[PDB]
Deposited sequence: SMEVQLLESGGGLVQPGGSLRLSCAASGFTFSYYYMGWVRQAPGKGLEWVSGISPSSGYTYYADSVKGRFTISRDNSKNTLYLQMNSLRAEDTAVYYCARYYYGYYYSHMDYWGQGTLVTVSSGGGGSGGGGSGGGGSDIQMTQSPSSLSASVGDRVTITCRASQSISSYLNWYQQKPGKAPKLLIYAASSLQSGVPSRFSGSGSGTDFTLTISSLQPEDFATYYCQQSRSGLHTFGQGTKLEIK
């Protein structure tokens, strides 16, 4: 089976340096694109960086460009993320994720459980209209997601239970990921997309994010809290 084991987190003073390591096993590491996604404590997901199998293409976010350095060693099946000049803005829980075949138009199907980093003492935006939504068991919930520009039909939906790594539900606008139950469904094209759950379940109460996948910066959405009414 696939395992994404992360390490290298802890406390650090402002201006310090850390080196996050993500050991991988179960898949041909030299085939897939890799990427980092951090989540601030009590906030939404933020796409950090990404890398190519041959390490020739390195994509960084604007907030972490110049200070972070993503790298990989296919001979040891490990993904690295050198973090320098650590400001107080970088305090988040970093997640290790692997891309399905490709980078553009692709999706993060496998995630690591995450490591905590605490700093102690073609740009498209994604906006989800329902920030806080409350529904009961068996209701019909429909979360939306608007893009800044045309992103075709390459959008992903992720489910993140409180205290665990996010899991992939819908990819490529409307495709159901293997293992996801048939209750989830997606739709939309261009700039307006919707995530629909037919009948909710006790395990469906979590946070849902939408991620665009047309440019080199696969930015996430602001998030949608879905709990009991």
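Gaps between the deposited sequence and the modelled structure occur at positions 1 to 2, 124 to 137.
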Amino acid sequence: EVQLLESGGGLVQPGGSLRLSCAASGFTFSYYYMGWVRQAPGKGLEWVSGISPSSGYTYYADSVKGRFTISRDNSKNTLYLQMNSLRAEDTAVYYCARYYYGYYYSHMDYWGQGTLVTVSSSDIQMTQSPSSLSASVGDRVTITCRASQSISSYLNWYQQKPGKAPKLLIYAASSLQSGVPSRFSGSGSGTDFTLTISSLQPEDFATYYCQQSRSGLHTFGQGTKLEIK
From here on, numbers count along this sequence of modelled residues.
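Averaged over their C-alpha atoms, the temperature factors of 28 to 36 and 181 to 189 are higher for 181 to 189. Averaged over their C-alpha atoms, the temperature factors of 196 to 204 and 60 to 68 are higher for 196 to 204. The top Cα temperature factor in the record, among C96, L81, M108, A147, falls on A147. Looking at the C-alpha B-factors along this chain, the one for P166 belongs to the middle third. For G102, the recorded CA temperature factor ranks within the lowest third of the chain's modelled residues. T142: CA B factor in the highest third of modelled residues in this chain (values from the PDB entry). The PDB entry assigns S131 a C-alpha temperature factor belonging to the highest third of its chain's modelled residues. When the CA B factors of the chain's modelled residues are split into thirds, the value for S75 lands in the lowest one.
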